[PDB]
Amino acid sequence: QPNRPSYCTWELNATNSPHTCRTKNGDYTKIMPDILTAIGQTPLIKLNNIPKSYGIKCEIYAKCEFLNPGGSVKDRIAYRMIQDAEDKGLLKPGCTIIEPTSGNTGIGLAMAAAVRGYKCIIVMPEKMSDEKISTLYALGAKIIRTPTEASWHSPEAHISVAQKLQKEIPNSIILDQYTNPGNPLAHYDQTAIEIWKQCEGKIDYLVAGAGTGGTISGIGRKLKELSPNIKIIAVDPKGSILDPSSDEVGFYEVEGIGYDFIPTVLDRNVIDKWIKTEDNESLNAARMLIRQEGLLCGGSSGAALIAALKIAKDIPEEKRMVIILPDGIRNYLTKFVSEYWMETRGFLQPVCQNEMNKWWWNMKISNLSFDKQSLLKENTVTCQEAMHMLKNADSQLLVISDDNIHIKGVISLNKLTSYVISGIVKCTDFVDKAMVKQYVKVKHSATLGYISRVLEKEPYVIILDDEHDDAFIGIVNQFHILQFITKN
Ligand code: HEM
Ligand SMILES: *Cc1c(COP(=O)(O)O)cnc(C)c1O
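Letter by letter, the sequence shown follows residues 5 to 251, 255 to 495 of the entry's author numbering.
Here's what the structure looks like:
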């Protein structure tokens, strides 16, 4: 159980500790034996334009963890845990490392396992995040998929099934970044020390986001031991219970911060204040870091920046603040880096490039007229019949609904062909097995410029009725847009 209470007896400035102490990971001045020894020693860069544009009088330095060789801060822990395991004899050559995370920790453990010749197996359902799949497959990791709906309570969830797979595979191990002292200890021993030395002893506030609390708790313990007056600020997104002030749990786009449980490695006694963030301000702040500061970073970095800017309004000029930037743009290239993805989610407004289009740009989809496709029921149509229908369909998609009103899922030719070839779906089986539960849905009241912008990637868009119970209306493609534009 990752949510169990911690048994750690540490108190401030305590001497004798059972844990290992790793000061430095390697020496850049001479030849390094492996890429893992290059983890850490990341630069602390000043923010120049962003704080002065926001009227902040004090100094703000970003510790860049996207410059680690794996691309994230998680390298630090992925090494450390493994290291400690190897000193306990738990890790042998030929061992298989299993971790229940879809985040950057899987990439760190995949890289370290590649260096050490360990098999690596990562468990994540569906796609929560993508472009990390290519990186994990490139590093030699096996990826196991589960149902994405199952809560971490459910056995179908990635954690429980990760333990089941651990029991199935002989002589395997789970490092469990949530319960592992190596996670906070890596930042206690190294990250916090690097920040302390680089600041030359002058540091006042430290802002970081906590997914697992490892970073903020390790740096909080070490820095609070070195500088008792330091203020440690944690950043949690809306929809996560990590904040001691909470209440339900929501859905946010920003990856890497917040959880629906309270990890063991997170020590909330060293957290002075919690700041809550939203996807919009966070992601636009990350784009702001990239644009104004030339720092290529992820969304959690933007969340850190927004929290720090909220706190720093009244902070006097002589103080220094340090914020942690956990990872880089690599994973997010198609999500918050893309203007299309930003305008789709509503985080940016689509701009009308040609003034000729100005008349139909703000018109609603309601002015359009398109077919309302019959909603098929559950467990009726065989795939043969659905091959026929998809061939004959206007927009070449099928709609499956149990309620006859709201659309439960969709059927596409690509998913169907994938499942038929892989053997998951026999020809005479039911198409509901190949159903796609995630899909693009747009309110009936949206403007035609938004729809035309979304259609540049998605060939189809499901229109739902915002006034009555998100009721299914019809499917819209670029044919309807051209037909509305040209015939005026
Ligand atoms: C003098 C310093 C410290 C002492 C005396 C101490 C004591 C302990 C002990 C005895 C355990 C064993 C838990 C068990 O047997 O179930 C433990 C676990 C742990 N320690 Fe420490 N510790 C110290 C420093 C630290 C530091 C600096 C960190 C993080 C930066 C840390 C993080 C943890 C964590 C996350 C656990 C896991 C708790 C669990 O497994 O339930 N400790 N600690
Ligand atoms: C893990 C992670 C965090 C949070 O780091 P913690 O050690 O969980 O406090 C923030 N951003 C990203 C991208 C992460 O992977």
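All residues carry an ideal CB built from backbone N, CA and C; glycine is no exception.
Query, Result
"By how many angstroms is the C-alpha of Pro73 removed from the C-alpha of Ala42?", "7 Å"
"Return the Cβ separation of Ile148 and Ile125 in integer angstroms, given the expectation that the two are a contact with Cβ distance under 8 Å.", "6 Å"
"If you reduce the DSSP assignment to three classes, tell me which class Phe491 lands in.", "helix"
"Quick one: what's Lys146 bridged to in DSSP?", "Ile125"
"First and last residue of the alpha helix (DSSP H) that includes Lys92?", "Premise fails: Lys92 is in no alpha helix (DSSP H) and is neither H nor E."
"For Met328, write down the residues that DSSP places opposite it in a beta bridge.", "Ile64 and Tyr209"
"Locate the beta strand (DSSP E) running through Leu230, then write down its first and last residues.", "Run containing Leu230: none in the beta strand (DSSP E); it sits in the alpha helix (DSSP H), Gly218 to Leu230."
"Rounded to the nearest angstrom, how far is the Cβ of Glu346 from that of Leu340, given a contact under 8 Å?", "Contact flag wrong, Cβ pair sits at about 12 Å."
"So, for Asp247: in the same chain, excluding its five sequence neighbours on each side, which residues have a beta-carbon less than 7 Å away from its beta-carbon?", "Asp240, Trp281 and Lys283"
"Specify the secondary structure class of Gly416 as computed by DSSP and reduced to three states.", "strand"
"Could you spell out the range, first to last residue, of the beta strand (DSSP E) harbouring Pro55?", "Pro55 -> not in any beta strand (DSSP E); alpha helix (DSSP H) instead, spanning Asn53 to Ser57."
"What is the DSSP secondary structure of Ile322, counted as helix, strand or coil?", "coil"
"Express the C-alpha separation of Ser106 and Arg294 in angstroms, rounding to a whole number.", "23 Å"
"Mind checking which residues open and close the beta strand (DSSP E) that includes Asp240?", "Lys235 to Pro241"
"Would you say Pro22 touches ligand 1, meaning its beta carbon is less than 8 Å from a heavy atom?", "yes"
"If you measure from the CB of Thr219, is any heavy atom of ligand 2 nearer than 8 Å?", "yes"
"Would you tell me roughly how many angstroms separate the C-alpha atoms of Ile492 and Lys371, rounded to the nearest one?", "13 Å"
"For the beta strand (DSSP E) containing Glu103, list its first residue and its last residue.", "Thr100 to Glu103"
"Taking the alpha helix (DSSP H) that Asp286 falls in, what are its first and last residues?", "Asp286 to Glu300"
"Let's test the definition: count the other Cβ atoms within 10 Å of the Cβ of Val358 and tell me whether it reaches 16, buried, or not, exposed.", "exposed"
"So which of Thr24, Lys56, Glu15 and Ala18 has the shortest CA-CA distance to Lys320?", "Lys56"
"Per DSSP, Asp472 is paired with what?", "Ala478"
"Please state whether DSSP places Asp79 in a helix, a strand or coil.", "helix"
"Does the beta-carbon distance from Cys62 to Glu300 come in below 9 Å?", "no"
"Select from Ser244, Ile469, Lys50 and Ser373 the residue whose C-alpha is nearest the C-alpha of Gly416.", "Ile469"
"Quick one: give me the first and last residue of the alpha helix (DSSP H) that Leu48 is part of.", "Not the alpha helix (DSSP H): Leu48 falls in the beta strand (DSSP E), residues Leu48 to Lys50."
"Are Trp200 and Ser231 close, meaning C-beta to C-beta below 9 Å?", "yes"
"Among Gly305, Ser10 and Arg84, whose alpha-carbon lies nearest the alpha-carbon of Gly30?", "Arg84"
"What did DSSP end up calling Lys171 once you bin it into helix, strand or coil?", "helix"
"Closer than 8 Å to a non-hydrogen atom of ligand 1 - does that hold for the CB of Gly222?", "yes"
"Could you check where the alpha helix (DSSP H) with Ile407 kicks off and where it finishes?", "First-last for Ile407: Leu405 to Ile407, but that is the beta strand (DSSP E), not the alpha helix (DSSP H)."
"Would you mind stating whether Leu316 and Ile49 have Cβ atoms separated by less than 9 Å?", "no"
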